[PDB]
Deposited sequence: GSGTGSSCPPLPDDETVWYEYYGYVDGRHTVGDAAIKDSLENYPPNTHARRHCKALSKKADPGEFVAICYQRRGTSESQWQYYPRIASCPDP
């Protein structure tokens, strides 16, 4: 149960931290597993390459009592601007 690193492009790159509480607080650097994947509860912080401290945009979300984990995104996310 894990999430691969997010794809990026000329508009954006991501950092990864453990979720703490809320969309603001930055946790510890996230640690990849043996397949270079991030564990559930990883918080993805995006940096737009055209521009800012970064903004959390997603959580590696494990459904309730399941073994399936996927990136889930915060609401109303707009694309980073083109460089």
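Sequence ranges 1-5, 57-60 have no coordinates in this entry (deposited sequence, numbered from 1, C-alpha basis).
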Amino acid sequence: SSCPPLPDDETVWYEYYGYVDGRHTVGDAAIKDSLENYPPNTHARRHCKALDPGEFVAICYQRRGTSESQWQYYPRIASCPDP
From here on, numbers count along this sequence of modelled residues.
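Remark: stretch with higher mean C-alpha B factor among 53-61 and 35-43 is 35-43. Legend: mean Cα B-factor per stretch from the PDB entry, 7-15 versus 66-74; the higher mean is in 66-74.
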